[PDB]
Amino acid sequence: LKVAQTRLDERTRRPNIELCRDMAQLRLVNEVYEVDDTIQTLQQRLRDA
Amino acid sequence: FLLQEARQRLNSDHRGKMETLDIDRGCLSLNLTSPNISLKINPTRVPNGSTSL
Amino acid sequence: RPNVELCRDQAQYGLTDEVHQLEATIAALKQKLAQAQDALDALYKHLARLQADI
Amino acid sequence: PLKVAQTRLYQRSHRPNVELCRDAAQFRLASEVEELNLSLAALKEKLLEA
Amino acid sequence: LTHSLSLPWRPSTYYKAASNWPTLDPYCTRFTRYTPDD
Amino acid sequence: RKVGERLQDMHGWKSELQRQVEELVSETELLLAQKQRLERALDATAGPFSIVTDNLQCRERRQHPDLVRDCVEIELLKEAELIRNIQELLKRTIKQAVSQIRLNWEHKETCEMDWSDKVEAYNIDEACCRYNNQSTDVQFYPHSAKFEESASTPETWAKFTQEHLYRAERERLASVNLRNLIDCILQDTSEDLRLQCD
């Protein structure tokens, strides 16, 4: 999640028209939300364990 | 029984004063930069319990 | 502040005063600004006059 | 009218950092300046022709 | 109204804004120079 | 005309943001006393515990043929267990009450911040509407791209407040639900202690 957040924060500085809704943008938002899902399922098993 | 009650009517004070302190030392702090500064709603407005000195 | 501790203290009567004072001061500077941007307008109108005449 | 629109746009730039918004007012306040300016330009060139 | 696009696009603020308050919706679409004092 | 619409709207959002936070003051005040009713039950349940402990300490003080296991020893032990189970139930509800009060104030301070920003803007946009051509004050502020640099679209703007108001009332309904829970937990533990003492 540490890479996926910094990857998008650097790409928010693309000048003018370069700041695009390419599929890399939506996938990294999907990547960020999946690790949050994964870190929430894994902390669930620790509380069970 | 009476002495026990005095303890539970003297502790209320201690607890009260201990809290008052926090909402009084924290105030002294709040200095401009203070990231929580704000124009509150009805700031100058005596509440209910308002006692005296 | 809880129960009785909520007491009108030297601070309340004092802070509540500072508020009124700060709001009056803020008013003074606002009116002063208006009495200065007014002057700048005059300065400009007179410049236009002096320049047109030049 | 040109004076007013710059003062209107300047004060709105001092709106709070999340309250600073792209309201339609800002949209017109910009377009307004453009027209006022290009109109003074048309008026300035006609003074040259006069 | 219409959120159009100008050729110089300046999205700087939105960034700092959502930085102090995450909860924020997209600032997407739907005077070309700075003052020297700025 | 357009700036005016913004004010009307901004005022519609501001006046409504003023009702939410003053109401959150009132509900926290009702929870403020209900936490105190919670504690003063813990204040008055230590006396019965000292009564039961004294009664057990003096009833061991009996002579040889009458030192007996009877119904009084059963109900005196059950009262001692019931008092201890009341106090631990009352200590846990206090720790839930202070957390509800903290979340009431946190959700409240947030709503008030938005109102502070709104107040500043209101005053600014209000002045901007009273700018007449025949008025001085206005100047030739050199053009700058920062005059168009915005940080929220009108829609997103509302959403910010809308969200604040949603979660704020979530703390409202919650405290109401907890104040019902506090009222029910007092009527039960008081009546169980009276039925045991009888």
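No lab work stands behind these numbers, since they all come straight from the coordinates. Cβ placement follows ideal geometry from the backbone for every residue including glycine, while neighbour counts extend to all protein chains displayed.
Here the condition is being surrounded by fewer than 19 Cβ atoms within 10 Å (Cβ to Cβ) and within 7 Å of another protein chain (Cβ to nearest Cβ); of F:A151, F:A127, it holds for F:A127 alone.
Before we move on, is D:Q26 at the interface with another protein chain (Cβ under 7 Å from one of its Cβ atoms), under 8 Å from the mean Cα position of the chain (by Cα) and closer than 27 Å to E:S12 by Cα? In short, no. Under the condition of being within 8 Å of another protein chain (Cβ to nearest Cβ) and either surrounded by 12 or more Cβ atoms within 10 Å (Cβ to Cβ) or under 16 Å from the mean Cα position of the chain (by Cα) (or both), the residues counted in the stretch B:28-42 number 4. Please verify whether the stretch B:5-21 includes one or more residues that are of a type in the set (S, T, Y) and more than 9 Å from chain F (Cβ to nearest Cβ). Checking the stretch B:5-21: at least one residue is of a type in the set (S, T, Y) and more than 9 Å from chain F (Cβ to nearest Cβ). Scan the stretch F:133-183 for residues that are hydroxyl-bearing (S, T, Y) and assigned to a helix (DSSP H, G or I) and the total you get is 4. Tell me whether the stretch D:2-16 contains one or more residues that are in contact with a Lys or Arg (Cβ under 7 Å, 6 or more places away or on another chain) and in a loop (DSSP other than H, G, I, E, B). So far as the stretch D:2-16 goes, no, none of its residues is in contact with a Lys or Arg (Cβ under 7 Å, 6 or more places away or on another chain) and in a loop (DSSP other than H, G, I, E, B). The test for being assigned to a helix (DSSP H, G or I) and at the interface with another protein chain (Cβ under 8 Å from one of its Cβ atoms) holds for C:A34.
Within the set F:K159, F:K95, F:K91, F:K78, the sole residue that is within 14 Å of chain D (Cβ to nearest Cβ) and of a type in the set (D, E, K, R) turns out to be F:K159. The set of residues in the stretch E:11-23 that are under 13 Å from A:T12 (Cβ atoms) and either more than 8 Å from chain F (Cβ to nearest Cβ) or in a loop (DSSP other than H, G, I, E, B) (or both) comprises E:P11, E:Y15, E:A18, E:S19. Taking the stated definitions as given, is B:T33 out of contact with any strand residue (DSSP E or B) (no Cβ under 7 Å at 6 or more places or on another chain), among the hydroxyl-bearing types (S, T, Y) and over 21 Å from C:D17 (Cα atoms)? So B:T33 passes the test. Of the candidates B:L21, B:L2, the single residue that is among the hydrophobic types (A, V, I, L, M, F, W, C) and loosely packed, with under 10 Cβ neighbours inside 10 Å is B:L2.
Only one entry in F:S15, F:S26 is more than 30 Å from D:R15 (Cα to Cα), out of contact with any helix residue (DSSP H, G or I) (no Cβ under 8 Å at 6 or more places or on another chain), more than 14 Å from chain D (Cβ to nearest Cβ) and among the small types (G, A, S), namely F:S26. Sub-6 Å Cβ pairs linking a first residue in the stretch D:3-21 that is facing chain F (nearest Cβ under 7 Å) to a second residue that is part of a helix (DSSP H, G or I) and acidic (D, E), at least 6 apart or interchain, are D:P16/F:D117; D:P16/F:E120; D:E19/F:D117, ordered by first then second residue.
D:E45 - would you say it is more than 7 Å from chain F (Cβ to nearest Cβ), in a helix (DSSP H, G or I), more than 11 Å from the chain's Cα centre (by Cα) and of a type in the set (D, E)? When the stated conditions are applied, D:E45 passes them. Is it the case that the stretch F:92-107 has a residue that's among the acidic types (D, E), more than 30 Å from F:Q196 (Cα to Cα) and exposed (fewer than 14 other Cβ atoms within 10 Å of the Cβ)? Checking the stretch F:92-107: at least one residue is among the acidic types (D, E), more than 30 Å from F:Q196 (Cα to Cα) and exposed (fewer than 14 other Cβ atoms within 10 Å of the Cβ).
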